Amino acid sequence: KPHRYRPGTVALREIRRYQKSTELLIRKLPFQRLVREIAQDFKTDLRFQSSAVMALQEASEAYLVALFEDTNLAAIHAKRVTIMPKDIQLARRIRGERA
Amino acid sequence: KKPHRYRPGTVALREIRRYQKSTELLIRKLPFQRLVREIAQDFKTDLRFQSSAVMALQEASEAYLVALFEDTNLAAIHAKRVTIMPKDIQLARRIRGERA
Amino acid sequence: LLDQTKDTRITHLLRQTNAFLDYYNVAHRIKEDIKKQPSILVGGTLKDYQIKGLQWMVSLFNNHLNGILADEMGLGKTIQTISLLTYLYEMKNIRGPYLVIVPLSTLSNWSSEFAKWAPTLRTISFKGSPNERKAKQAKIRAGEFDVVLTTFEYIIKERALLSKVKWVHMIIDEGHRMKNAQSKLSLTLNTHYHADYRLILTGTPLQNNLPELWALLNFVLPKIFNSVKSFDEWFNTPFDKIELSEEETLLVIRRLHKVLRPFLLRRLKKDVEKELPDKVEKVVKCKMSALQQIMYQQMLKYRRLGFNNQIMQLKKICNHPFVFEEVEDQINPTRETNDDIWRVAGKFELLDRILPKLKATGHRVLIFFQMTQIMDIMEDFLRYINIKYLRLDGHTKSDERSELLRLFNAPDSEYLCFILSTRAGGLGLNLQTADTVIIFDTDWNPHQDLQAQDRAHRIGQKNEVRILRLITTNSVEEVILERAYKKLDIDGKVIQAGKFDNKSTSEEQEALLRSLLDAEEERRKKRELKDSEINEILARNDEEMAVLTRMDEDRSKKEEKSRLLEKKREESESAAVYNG
Amino acid sequence: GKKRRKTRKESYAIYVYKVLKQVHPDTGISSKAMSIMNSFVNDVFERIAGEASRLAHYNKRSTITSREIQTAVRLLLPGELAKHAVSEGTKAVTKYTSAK
Amino acid sequence: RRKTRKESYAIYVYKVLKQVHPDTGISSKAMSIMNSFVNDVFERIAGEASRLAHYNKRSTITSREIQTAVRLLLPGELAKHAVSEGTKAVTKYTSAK
Amino acid sequence: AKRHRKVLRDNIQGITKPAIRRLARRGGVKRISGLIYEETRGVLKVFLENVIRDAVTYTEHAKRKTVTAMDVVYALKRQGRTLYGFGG
Amino acid sequence: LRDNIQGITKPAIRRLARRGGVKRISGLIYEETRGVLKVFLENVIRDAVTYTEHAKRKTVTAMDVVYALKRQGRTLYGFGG
Amino acid sequence: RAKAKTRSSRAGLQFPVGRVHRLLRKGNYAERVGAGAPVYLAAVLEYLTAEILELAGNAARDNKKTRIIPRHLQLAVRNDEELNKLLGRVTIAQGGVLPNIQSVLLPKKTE
Amino acid sequence: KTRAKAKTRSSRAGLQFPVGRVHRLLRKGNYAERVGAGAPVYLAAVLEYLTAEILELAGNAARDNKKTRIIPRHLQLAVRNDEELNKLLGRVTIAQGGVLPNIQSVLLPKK
DNA sequence: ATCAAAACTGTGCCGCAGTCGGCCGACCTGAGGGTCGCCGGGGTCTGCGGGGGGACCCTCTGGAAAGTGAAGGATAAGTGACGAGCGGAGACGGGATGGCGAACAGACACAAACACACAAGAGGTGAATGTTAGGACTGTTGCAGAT
DNA sequence: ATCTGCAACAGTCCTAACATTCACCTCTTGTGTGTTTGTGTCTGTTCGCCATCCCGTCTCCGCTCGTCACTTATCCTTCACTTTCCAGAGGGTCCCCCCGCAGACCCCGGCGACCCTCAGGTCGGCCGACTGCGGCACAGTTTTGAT
Ligand SMILES: Nc1ncnc2c1ncn2[C@@H]1O[C@H](COP(=O)(O)OP(=O)(O)O)[C@@H](O)[C@H]1O
């Protein structure tokens, strides 16, 4: 069947369901391997409490959700719909984190 | 000798260079003092000030407005323009955190 | 006794002014007595007392002191000063460098007198643009000049110009701005350069404060610092009614005369010209009203006993209500003024009692003021009732200032009450065509007296001056009046000192000193509303009496409503305890 | 468990449960939301007492009083929260001082 | 009026300036700025060592807490050199007297 | 009759168009629209309101009526807007 | 542990952007957000391992992560204190 | 001797003024700690906790729930403007965001 | 008899900031209950390092401008050109300071 | 692809606040020398929980293929900001005139710390006791995409 | 206007996550009485700021206006994005092991707090006072705007 939605409908329904839900969105084991690698840069034989890894995950995902909110504002300001690397760099410059 | 008027933009650029080259205060002292004393009159009706208090407020507010115009210049250049408008003063304050 | 000690000070260091290029000793040790003027003084004769003051100042030059000419308004300081200048030019052959200093409101008049009375002396002015100042800068850096006019302001604004020149003899005018020892102009003149011969010139004695000290005892003579730095308050110890001030310190007052012998000259206007007839001074007592009473006496309680430094605002409660304009939003918030809303101040009720009869009897009136908003709201009434007037203040821009005298001194000048300010004008009004000078609020000075009277007391006052110094019952205006008047007629002693500091009738320094100490001992005697008395103290002759009684009949056949407004009710509770 | 003295650590949990049963008689709270209310109470406590510490060192006192905590409330809390918080605090300290 | 001594790091900033540039003077208001800078970094490092004391349940601010406060406050290369300077001076202080 | 104080130039609009342009051209701006003036004036008003209500609170706590340099510096320090130079 | 940053899968970043409210995404967002996330984690984990190395432990805990986030500026409620 | 009066009961509060007083005492805030200051502070804290829990319980009423979850606290906080200003730099864990869509991203009403 | 009241603790470590004043400020500043005898030496050496780094970088900014007296413009240029000093003083506004000569690339017309 | 017209930029001189070096006053704070509670640190034990390995199962990622719809470049009408000139005008110095408030020095009763006694309030456990959200399992309408 | 496809509700269903007692341990907070020092109260001095006006001297802000470089609306093309489907695979869950290790006691010296002197490093006004430096003045490049 040629029942393919035009782009925009499925995008809005994922906007609705992922703002209505509350769970984590990055997979727990690859996030954990990421954290243990980055911490292995700084110290050899560390050990991670699971609440420490999940605290890192809550912090990182609230950070990236807020950053994409500001990139959505910058992309709408530039008369676009598509977010781009130039406005990720813009929000991380106006916010303070880079320059 | 009357037809020697610069291309529009050139005087703006030499203004940019002189005002970044120097380090004075740019808002003038007496009307900024009257504005400070008015806004303070909205809270405690019978205050008194100090010359260094008003100069501290003027250093703070001029450095604040200069940082706001640097960030609004970045937002305007991002929008493929040169002329800064109000919508990106409001964008700079929305992103920075000062609005919402 | 320290007068002989100051005589020893001046006897020791009286040699500096002749090396560096008794007080009956110091004013009489050298003499030269020529009553004839110098030859090149053109354009009118000298009076003999002008020659007396001139000869005294020539002796001041030859005693090499630093003199003071301090006589009264309208007695010719200018011609005496330029006569000194031309006598010191030709008859001594030193040819400057001369400096002078005037206020800018008189520099045209001084340059006019420099043209008319000494054409041999070239006179540079300093005004206008930096172009004109730069032209005369390049002119003066070579040394081609005799007289350099400049104002107060270009001394500091041309520091380098008038410091690289070794000055000889400055003569500066209007010394009651030169008084302040921490005035920036005074600091630049003291740390300017060692200029040799300096003269204050003034029309007034010590004012506003303590005795003469900070102008004449300090700036005019530098050695008096070395002889005064601890004894200043010791001489100032006269600063309660009979024993201290009158009985035992009469010797101290005589010692102040004794130390101010050789330096002043205050010849009174009563002696020689005397063309001023008199000054019929009365006081008039206004009152509160239904808001200025217990309504505002509630606000003394519920404020202090809000606005800062209420002593300034207590002037405003007795001048006029709703100059705050917040209570206008409760009494007449409909922003339209009429009868018995403006008029509610008791001073203003006294105005529209007294003013229509001088409109009838034809008294031309000057009115002075502080608090220019009172001038504005009086002007609002003065357009309300529509009787003719003008207005002058610190917003006349100097051209309308020089213009407006032609409007008021017309023979058909239908404008009668010329509203003024007490500060505004700077001794340039020159107005003889009034005959009634009322005063709303007394200042912190007798300069209100010694200027606002002299505006109408000029050469040509051909009526009697009827003064109505207003006051209100038990407000702060009375403590202003008694404070300024009593403890700033310290110069009752000095206005007595003028005659024996002048021509010197020998009985003036004891007998009429006692006769004015009579006025200094009727303190408690002088310290302790009816149409008859108030309408007679403005009256002059009997046709005025008949027409004032006729106007009383004409506003008695008309049924006055009442006097003014009564205490309306809920706004009286609302203005005080609901502000915050 | 064999006796090893499980170490006591305090919280605000029973007190938050008291206040919840005041303002809603029929609503339970979750465990994770109880931990969020606990960290909130510690956070607001540490902010207010840190600001009262700074006022004590500025005014060169050495004592935290009701006035330094009142001024820390007026600094940290916005608007209508600051107004009702000052009202509640003054009511509780006068009910403390007067009654017993 | 018993002129009240208000002390600061003015003469000490001046000593350091005359070490590292022997022929340069400093203005008055730039001396006020260097004073305020030293007091600012003082308050930050002392506040972080106090926080470390309360986090370990320990009552004493020592060199270990100041070293960790410097590593928590300063960026990168400044952190590494400042920790080196402090350990240098504490070994010279403990060894000599 | 102009007896009210309704007729005078208001004090917030006393922060002038060329002074806003000098802070802009110091900031880096090359071309400025015409509504920047009202917007920057509103921004300055709100920022001064925050700092001056903190300085009034510090002053009233210290039991005085003279807003001082140290009070404004402490207010900016808790705004996050730390100022050197004036707080010794 | 070789190049684990690509364990942040492409639909994971697309899901975080859908929570953020992004309707439509570029194709160069992916390496960029992986760089952004790596910088943020390097800062937080550097500060939390500083707290742990001071405490003479060999274990990152929930309190160390919370303290690192708090002194950075990102306060985190729900993991104890 | 009396029996006992907790200082919380004297002031009419719910929070532990004794625990507040020892935390102000040995948290190294100042040396001397007054005796009305822990009462004032416990009052402030009881107010803020009552406010937060009231708005969270109202949101749980709105979602037919009788157990108050971190989503409910997030909704209460970020929907009240003043608590949003206080908790501006705060990540309530298991929060999610406010349900918010921009107005450009809606589909074209005409097509 | 006092033995030798000399050799202040600044002189033993060879520092130039007052170890005595730093110890007194740490002690009565009420940061913690007690203060070791090496912590203000360590801290004073750290503050010597930071003042030395900024004053050296500002000396080399008051040499380009041909001016042997450090005014606040020079401290602004030194601080905001060193990137680590810029990240340490990121929120700080050096008074009477002015900003850096930054003109964006798209502004200045060349084509 | 050359010249008029302004605009910085050196030099240089000349007064001017303003660093700055002593001067000693003149202290008030730091160093040293003793005493002694007390806290931190070395050392042992021991549950405990984090690393790791493995089995299994399935939802969720990778990859490609098709359509298509916004991104971007080119174009042009429109207007709004900029450079410049000119004439009022308000900042800026300086003054007058009192008056007050804040910083700075002694005396002192509220008041907060100390330190014991003791009981009762608050954690840790547990154990039913419900119970309440969660999780498949289906009925049933509201938005979307060619009809 | 009608198939159709996620998504919100309607009513069971294990289970697990809270909420009540419970006795209970313990440590922690009132209660109450010596006690001492930090905070306030008033008296005097000084100096900087306030409510009003003045009086000049200017750079500088406001208004007009000509002119054009910009912002924005339209259109066309095109490629980078979404949507769908479908094969596979690592993430999730359970469970088991298995030692490093965090934390709790225990005991004992170093060490920092407190105190008491007492000499001198630091502030700090004067006292010039030297000079580094802004503000005019004069030649000389050095870009821009026409051409
Ligand atoms: N000998 C004289 N003959 C005529 N007029 C004279 C003579 N001496 C002085 N005057 C008048 O004095 C006036 C100048 O006086 P002035 O110096 O202004 O007095 P004051 O300083 O007291 O106001 C001149 O206008 C002049 O008319």
# chains A, B, ... in the order shown; residues from 1 in each chain; ligands from 1
call {"tool": "interface_residues", "arguments": {"of": "chain H", "to": "chain G", "cutoff": "9 Å", "atoms": "only C-alpha atoms", "output": "PyMOL selection string"}}
result
chain H and resi 70+89-94+96-97+100-102+105
call {"tool": "select_by_dssp", "arguments": {"residues": "chain I", "states": "helix (DSSP H, G or I)", "output": "ChimeraX atom specification"}}
result
/I:9-13,19-28,39-59,72-81,83-88
call {"tool": "residues_near_ligand", "arguments": {"ligand": "ligand 1", "cutoff": "6 Å", "atoms": "only C-alpha atoms (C1' of nucleotides) and all ligand atoms", "output": "PyMOL selection string"}}
result
chain C and resi 44-47+72-78
call {"tool": "write_last_selection", "arguments": {"atoms": "C-alpha atoms", "output": "CSV table (one decimal), in the first residue's frame"}}
result
chain,number,residue,atom,x,y,z
C,44,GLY,CA,33.3,114.4,33.7
C,45,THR,CA,34.5,115.9,37.0
C,46,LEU,CA,35.2,114.1,40.2
C,47,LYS,CA,33.3,114.6,43.4
C,72,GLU,CA,27.3,101.6,49.1
C,73,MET,CA,25.3,101.1,45.9
C,74,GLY,CA,25.2,103.9,43.4
C,75,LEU,CA,28.2,105.9,44.6
C,76,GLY,CA,30.7,105.5,41.9
C,77,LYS,CA,33.3,102.8,42.4
C,78,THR,CA,34.1,102.6,38.7
call {"tool": "interface_residues", "arguments": {"of": "chain H", "to": "chain K", "cutoff": "7 Å", "atoms": "only C-alpha atoms (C1' of nucleotides)", "output": "list in words"}}
result
residues 1, 4 and 18 of chain H
call {"tool": "residues_around", "arguments": {"residues": "residue 110 (chain I)", "least_positions_apart": "3", "cutoff": "12 Å", "atoms": "only C-alpha atoms (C1' of nucleotides)", "output": "mmCIF file with N, CA, C and O atoms, in the first residue's frame"}}
result
data_model
loop_
_atom_site.group_PDB
_atom_site.id
_atom_site.type_symbol
_atom_site.label_atom_id
_atom_site.label_comp_id
_atom_site.auth_asym_id
_atom_site.auth_seq_id
_atom_site.Cartn_x
_atom_site.Cartn_y
_atom_site.Cartn_z
ATOM 1 N N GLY B 9 28.649 53.268 5.673
ATOM 2 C CA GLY B 9 29.381 52.175 6.285
ATOM 3 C C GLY B 9 30.761 52.579 6.763
ATOM 4 O O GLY B 9 31.229 52.078 7.791
ATOM 5 N N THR B 10 31.402 53.511 6.053
ATOM 6 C CA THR B 10 32.792 53.852 6.337
ATOM 7 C C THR B 10 32.924 54.608 7.650
ATOM 8 O O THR B 10 33.843 54.347 8.446
ATOM 9 N N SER I 105 34.190 39.453 10.524
ATOM 10 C CA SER I 105 34.773 39.367 9.192
ATOM 11 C C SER I 105 33.787 39.771 8.111
ATOM 12 O O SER I 105 34.197 40.282 7.065
ATOM 13 N N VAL I 106 32.489 39.564 8.340
ATOM 14 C CA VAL I 106 31.502 39.858 7.306
ATOM 15 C C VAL I 106 31.184 41.343 7.247
ATOM 16 O O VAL I 106 30.588 41.810 6.269
ATOM 17 N N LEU I 107 31.607 42.110 8.250
ATOM 18 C CA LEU I 107 31.218 43.509 8.330
ATOM 19 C C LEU I 107 32.069 44.381 7.431
ATOM 20 O O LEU I 107 31.535 45.185 6.664
#
call {"tool": "closest_atom_pairs", "arguments": {"of": "chain D", "to": "chain J", "cutoff": "10 Å", "atoms": "only C-alpha atoms (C1' of nucleotides)", "output": "JSON lines"}}
result
{"residue": "D:1", "atom": "CA", "partner": "J:47", "partner_atom": "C1'", "distance": 9.5}
{"residue": "D:2", "atom": "CA", "partner": "J:47", "partner_atom": "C1'", "distance": 9.1}
{"residue": "D:4", "atom": "CA", "partner": "J:47", "partner_atom": "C1'", "distance": 8.8}
{"residue": "D:5", "atom": "CA", "partner": "J:124", "partner_atom": "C1'", "distance": 9.6}
{"residue": "D:6", "atom": "CA", "partner": "J:124", "partner_atom": "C1'", "distance": 7.6}
{"residue": "D:7", "atom": "CA", "partner": "J:124", "partner_atom": "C1'", "distance": 9.3}
{"residue": "D:8", "atom": "CA", "partner": "J:123", "partner_atom": "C1'", "distance": 6.4}
{"residue": "D:9", "atom": "CA", "partner": "J:123", "partner_atom": "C1'", "distance": 7.8}
{"residue": "D:10", "atom": "CA", "partner": "J:123", "partner_atom": "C1'", "distance": 7.6}
{"residue": "D:11", "atom": "CA", "partner": "J:123", "partner_atom": "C1'", "distance": 9.6}
{"residue": "D:14", "atom": "CA", "partner": "J:122", "partner_atom": "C1'", "distance": 8.9}
{"residue": "D:63", "atom": "CA", "partner": "J:112", "partner_atom": "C1'", "distance": 9.5}
call {"tool": "interface_residues", "arguments": {"of": "chain K", "to": "chain I", "cutoff": "10 Å", "atoms": "only C-alpha atoms (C1' of nucleotides)", "output": "mmCIF file with N, CA, C and O atoms (P, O5', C5', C4', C3', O3' and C1' of nucleotides), in the first residue's frame"}}
result
data_model
loop_
_atom_site.group_PDB
_atom_site.id
_atom_site.type_symbol
_atom_site.label_atom_id
_atom_site.label_comp_id
_atom_site.auth_asym_id
_atom_site.auth_seq_id
_atom_site.Cartn_x
_atom_site.Cartn_y
_atom_site.Cartn_z
ATOM 1 P P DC K 111 52.728 17.206 63.382
ATOM 2 O "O5'" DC K 111 51.342 17.955 63.185
ATOM 3 C "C5'" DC K 111 50.200 17.476 63.874
ATOM 4 C "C4'" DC K 111 49.313 18.621 64.279
ATOM 5 C "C3'" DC K 111 50.008 19.965 64.264
ATOM 6 O "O3'" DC K 111 49.050 20.973 64.082
ATOM 7 C "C1'" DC K 111 49.347 19.515 66.419
ATOM 8 P P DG K 112 48.677 21.487 62.613
ATOM 9 O "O5'" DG K 112 47.589 22.611 62.885
ATOM 10 C "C5'" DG K 112 46.250 22.242 63.091
ATOM 11 C "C4'" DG K 112 45.677 22.889 64.340
ATOM 12 C "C3'" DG K 112 45.762 24.414 64.424
ATOM 13 O "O3'" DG K 112 44.564 24.890 64.991
ATOM 14 C "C1'" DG K 112 46.704 23.467 66.329
ATOM 15 P P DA K 113 44.144 26.438 64.921
ATOM 16 O "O5'" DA K 113 42.950 26.514 65.976
ATOM 17 C "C5'" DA K 113 42.743 25.409 66.847
ATOM 18 C "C4'" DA K 113 42.272 25.841 68.227
ATOM 19 C "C3'" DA K 113 42.137 27.333 68.445
ATOM 20 O "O3'" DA K 113 41.141 27.577 69.415
ATOM 21 C "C1'" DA K 113 43.930 26.490 69.746
ATOM 22 P P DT K 117 52.156 38.294 80.377
ATOM 23 O "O5'" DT K 117 52.126 39.486 79.310
ATOM 24 C "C5'" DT K 117 53.294 40.244 79.047
ATOM 25 C "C4'" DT K 117 54.256 39.480 78.154
ATOM 26 C "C3'" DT K 117 55.305 40.346 77.469
ATOM 27 O "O3'" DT K 117 56.584 39.985 77.909
ATOM 28 C "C1'" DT K 117 54.323 38.789 75.952
ATOM 29 P P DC K 118 57.711 41.111 78.066
ATOM 30 O "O5'" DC K 118 58.026 41.556 76.569
ATOM 31 C "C5'" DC K 118 58.753 40.694 75.718
ATOM 32 C "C4'" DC K 118 58.788 41.228 74.301
ATOM 33 C "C3'" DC K 118 58.986 42.742 74.172
ATOM 34 O "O3'" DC K 118 59.891 42.989 73.119
ATOM 35 C "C1'" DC K 118 57.168 42.083 72.907
ATOM 36 P P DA K 119 60.864 44.260 73.165
ATOM 37 O "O5'" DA K 119 61.750 44.103 71.845
ATOM 38 C "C5'" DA K 119 61.886 42.825 71.231
ATOM 39 C "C4'" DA K 119 61.628 42.850 69.717
ATOM 40 C "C3'" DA K 119 62.061 44.076 68.938
ATOM 41 O "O3'" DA K 119 62.367 43.638 67.624
ATOM 42 C "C1'" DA K 119 59.732 43.845 68.745
ATOM 43 P P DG K 120 63.208 44.530 66.588
ATOM 44 O "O5'" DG K 120 62.440 44.263 65.218
ATOM 45 C "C5'" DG K 120 61.095 43.791 65.273
ATOM 46 C "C4'" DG K 120 60.377 43.933 63.942
ATOM 47 C "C3'" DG K 120 60.865 45.036 63.052
ATOM 48 O "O3'" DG K 120 60.194 44.917 61.815
ATOM 49 C "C1'" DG K 120 58.905 45.727 64.131
ATOM 50 P P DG K 121 60.805 44.140 60.548
ATOM 51 O "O5'" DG K 121 59.539 43.949 59.585
ATOM 52 C "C5'" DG K 121 58.519 43.038 59.973
ATOM 53 C "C4'" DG K 121 57.173 43.242 59.256
ATOM 54 C "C3'" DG K 121 57.176 43.772 57.844
ATOM 55 O "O3'" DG K 121 56.021 43.236 57.196
ATOM 56 C "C1'" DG K 121 56.255 45.394 59.346
ATOM 57 P P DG K 132 59.588 58.965 33.607
ATOM 58 O "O5'" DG K 132 58.267 58.115 33.896
ATOM 59 C "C5'" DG K 132 57.238 58.698 34.687
ATOM 60 C "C4'" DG K 132 55.850 58.369 34.170
ATOM 61 C "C3'" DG K 132 55.761 57.840 32.767
ATOM 62 O "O3'" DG K 132 54.493 57.220 32.643
ATOM 63 C "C1'" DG K 132 55.041 60.094 32.797
ATOM 64 P P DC K 133 53.812 56.896 31.230
ATOM 65 O "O5'" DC K 133 52.875 58.144 30.991
ATOM 66 C "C5'" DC K 133 51.908 58.489 31.961
ATOM 67 C "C4'" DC K 133 51.128 59.712 31.530
ATOM 68 C "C3'" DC K 133 50.654 59.675 30.088
ATOM 69 O "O3'" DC K 133 49.369 60.173 30.029
ATOM 70 C "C1'" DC K 133 51.799 61.665 30.460
#
call {"tool": "interface_residues", "arguments": {"of": "chain F", "to": "chain E", "cutoff": "12 Å", "atoms": "only C-alpha atoms", "output": "short mmCIF file (atom, residue, chain, number, x, y, z; two decimals) with N, CA, C and O atoms, in the first residue's frame"}}
result
data_model
loop_
_atom_site.label_atom_id
_atom_site.label_comp_id
_atom_site.auth_asym_id
_atom_site.auth_seq_id
_atom_site.Cartn_x
_atom_site.Cartn_y
_atom_site.Cartn_z
N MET F 70 30.32 49.36 48.09
CA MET F 70 30.38 47.97 48.49
C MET F 70 29.03 47.30 48.40
O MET F 70 28.95 46.10 48.12
N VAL F 73 28.53 46.50 44.77
CA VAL F 73 29.45 45.44 44.38
C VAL F 73 29.00 44.09 44.90
O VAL F 73 29.06 43.09 44.19
N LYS F 77 27.82 40.89 42.70
CA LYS F 77 28.44 39.61 42.97
C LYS F 77 27.39 38.52 43.13
O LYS F 77 27.62 37.39 42.69
N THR F 82 30.18 39.74 38.60
CA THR F 82 31.26 40.20 39.49
C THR F 82 32.10 41.33 38.91
O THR F 82 32.58 41.25 37.79
N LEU F 83 32.27 42.39 39.70
CA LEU F 83 32.94 43.61 39.27
C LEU F 83 34.23 43.82 40.05
O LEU F 83 34.21 43.84 41.28
N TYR F 84 35.33 44.03 39.35
CA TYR F 84 36.54 44.43 40.04
C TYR F 84 36.65 45.94 40.07
O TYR F 84 35.89 46.66 39.44
N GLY F 85 37.61 46.43 40.85
CA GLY F 85 37.92 47.84 40.82
C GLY F 85 37.47 48.64 42.02
O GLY F 85 38.21 49.48 42.52
N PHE F 86 36.26 48.38 42.50
CA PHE F 86 35.62 49.23 43.50
C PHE F 86 35.52 48.57 44.86
O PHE F 86 35.46 49.27 45.87
N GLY F 87 35.49 47.25 44.91
CA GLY F 87 35.47 46.56 46.18
C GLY F 87 36.85 46.15 46.63
O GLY F 87 37.37 45.12 46.20
N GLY F 88 37.45 46.94 47.51
CA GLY F 88 38.79 46.67 48.00
C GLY F 88 38.87 45.47 48.92
O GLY F 88 39.96 45.07 49.34
#
call {"tool": "residues_around", "arguments": {"residues": "residue 66 (chain D)", "least_positions_apart": "4", "cutoff": "8 Å", "atoms": "only C-alpha atoms (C1' of nucleotides)", "output": "PyMOL selection string"}}
result
(chain D and resi 70) or (chain H and resi 34+36-37+40)
call {"tool": "residues_around", "arguments": {"residues": "residue 90 (chain D)", "least_positions_apart": "4", "cutoff": "12 Å", "atoms": "only C-alpha atoms (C1' of nucleotides)", "output": "count of residues only"}}
result
24
call {"tool": "residues_around", "arguments": {"residues": "residue 62 (chain E)", "least_positions_apart": "3", "cutoff": "12 Å", "atoms": "only C-alpha atoms (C1' of nucleotides)", "output": "number ranges by chain"}}
result
E: 46, 49-50, 52-53, 58-59, 65-69, 90; G: 54; I: 23, 26-27, 31-43; J: 40; K: 112
call {"tool": "atom_distance", "arguments": {"atom1": "CA of residue 377 (chain C)", "atom2": "CA of residue 320 (chain C)"}}
result
8.7 Å
call {"tool": "residues_around", "arguments": {"residues": "residue 53 (chain D)", "least_positions_apart": "4", "cutoff": "8 Å", "atoms": "only C-alpha atoms (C1' of nucleotides)", "output": "PyMOL selection string"}}
result
(chain D and resi 49+57+64) or (chain H and resi 29-30)
call {"tool": "interface_residues", "arguments": {"of": "chain H", "to": "chain J", "cutoff": "9 Å", "atoms": "only C-alpha atoms (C1' of nucleotides)", "output": "ChimeraX atom specification"}}
result
/H:4,32-35,65-67
call {"tool": "write_last_selection", "arguments": {"atoms": "C-alpha atoms", "output": "short mmCIF file (atom, residue, chain, number, x, y, z; two decimals), in the first residue's frame"}}
result
data_model
loop_
_atom_site.label_atom_id
_atom_site.label_comp_id
_atom_site.auth_asym_id
_atom_site.auth_seq_id
_atom_site.Cartn_x
_atom_site.Cartn_y
_atom_site.Cartn_z
CA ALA H 4 8.71 18.16 76.87
CA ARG H 32 27.10 32.57 67.22
CA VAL H 33 23.68 31.47 66.03
CA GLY H 34 20.63 33.20 67.42
CA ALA H 35 17.63 31.57 69.00
CA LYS H 65 -2.89 9.73 39.87
CA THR H 66 -2.76 9.45 43.66
CA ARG H 67 1.01 8.99 43.90
#
